[PDB]
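One chain is shown next in structure tokens, namely the form deposited in one PDB entry.
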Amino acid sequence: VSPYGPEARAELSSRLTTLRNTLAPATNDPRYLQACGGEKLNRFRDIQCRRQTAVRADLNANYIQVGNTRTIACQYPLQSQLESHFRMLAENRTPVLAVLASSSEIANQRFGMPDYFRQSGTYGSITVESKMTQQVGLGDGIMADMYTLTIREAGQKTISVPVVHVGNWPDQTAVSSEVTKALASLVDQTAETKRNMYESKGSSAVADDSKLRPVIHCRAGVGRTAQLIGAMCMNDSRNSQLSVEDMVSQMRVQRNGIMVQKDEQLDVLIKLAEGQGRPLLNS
């Protein structure tokens, strides 16, 4: 019985579905962050944010840790949320922002997805400038454009955050294991270089485990975001022997039960796990 056959995968699904169903938000569910006084918090009323790992009280965003890998996963900020977003970005001394929402989605004004990282702008007390720098082929026609976001605010020290935008990964789809491995590497290396810069400067953020965390988001922050996160988790040697079952239960327990949304996205994670001889199921 191959540990990666229909049967075993049949069990993994069984388990993860039970979990997803259990995590479904209830009305004013105490496990999930609730909108304060009118301003909308959630982009999709059914894609909620665990109160326990909430990064900010007014953002749909979570601190996530699978094994030893620390990141922040979030929704695409709404217009009213942009200043707090940049605030989170800066305090985190963000080593790397990875946006996985496509240019078409961003372009489409019915989606309310402000084009916040490709243009300069002012947002309350914070002003922002963008600067394109490189473009990298990941494979399969998938392309990553990179920008550098300089976030300034009076009385605050200026922070730069490097951005990696995969402009052509469609929603509800899964890019191949190879493009996925290639993007994870691209995100780790970008994070590494920026981290090292803070470190050579003696940033105190370097000590704090609630900071220097890569920030990743597609539109909802549970499909494309989750697939990439599971991939970063897999190419960190310290997560040796963590199974695909644990990987997914920790993401679901720290954000919402939808994390790793489509079945095909779970297949990409399973291929990489297999290529590693990483176990699918616990016990």
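Counting begins at 1, following the sequence as shown.
The form deposited with a partner chain bound exists for this protein as well; it is not shown, and the discussion that follows is about that form.
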_If the cut-off is 4.5 angstroms on heavy atoms, which of these, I47, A231, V55, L33, is the one near the partner chain in the bound PDB entry?_
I47
*Thinking of the partner chain in the bound PDB entry, which stretch from 75-83, 158-166, 94-102, 113-121 has heavy atoms inside 4.5 Å of it?*
158-166
_My question is simply whether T150 lines the interface with the partner chain in the bound PDB entry - judged by any non-hydrogen atom within 4.5 Å._
yes
*asked:* Can you work out whether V222 and the partner chain are in contact in the bound PDB entry, taking contact to mean some heavy atom pair no more than 4.5 Å apart?
replied: yes
